[PDB]
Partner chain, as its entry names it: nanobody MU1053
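One chain is shown next in structure tokens, namely the form solved without its partner chain.
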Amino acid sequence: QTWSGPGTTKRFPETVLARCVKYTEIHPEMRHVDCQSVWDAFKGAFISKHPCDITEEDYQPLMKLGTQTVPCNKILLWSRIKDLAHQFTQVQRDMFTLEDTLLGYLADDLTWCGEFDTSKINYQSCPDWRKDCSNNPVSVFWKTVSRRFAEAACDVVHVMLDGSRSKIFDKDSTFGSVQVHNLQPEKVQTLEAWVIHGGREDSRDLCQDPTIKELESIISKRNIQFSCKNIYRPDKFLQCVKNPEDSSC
């Protein structure tokens, strides 16, 4: 092991390519996209580069090719609750997480890195953001696209949070550290948090949690309004999303 983190996901190239093909077949706005070109831009960002010396500039060709206009008022951010967030947008096709854009979809759940001294993809190990270095191919990609997604948002921006974390709002998460600080005060009217409950019996009003007050305070300073909703039963939440024209929802 050079690095502490998992190596590049097996079949990474085929996977990105196949994801690109699938995405561009499904999403008509991205029909102009040449997936081979996308892949080549993606590779170019990290191949032959030291995996602790990646910059946002490295991903600019990919950002260019992956240019996508998402409805700015229909953005769902999330933190620590990836699965519910995606289940939600799979059904509420009106709304978009980052992983519902081409670039986020290409990269979701994947790891990748290269090596400085060669042009090969490193399937053995990749830098861990913590135990190794922060400017790695994965962390730099996610910070860049997460920032740009946040910059794109307008009107009411929603964020799904895991109410079972004990830092429900975590300043150190990508949401907390990058996206909160890149919501444009000129465009964003309200950030509304949906705090997802995840455990036994009748729960507190988690919108009163100190970390939520922290989030509210941060965003208020940025001249953006804050709203918060408890989602007490995520299972019933999704069921209501799947069939909304139904009493009890």
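Residue numbers count along the first chain shown, from 1.
The form deposited with its partner chain bound exists for this protein as well; it is not shown, and the discussion that follows is about that form.
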item	value
4.5 angstroms heavy atom contact with its partner chain in the deposited bound form for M95	yes
Heavy atom of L110 within 4.5 Å of its partner chain in the deposited bound form	no
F175, heavy atom within 4.5 angstroms of its partner chain in the deposited bound form	no
Contact of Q225 with its partner chain in the deposited bound form (heavy atom, 4.5 Å)	yes
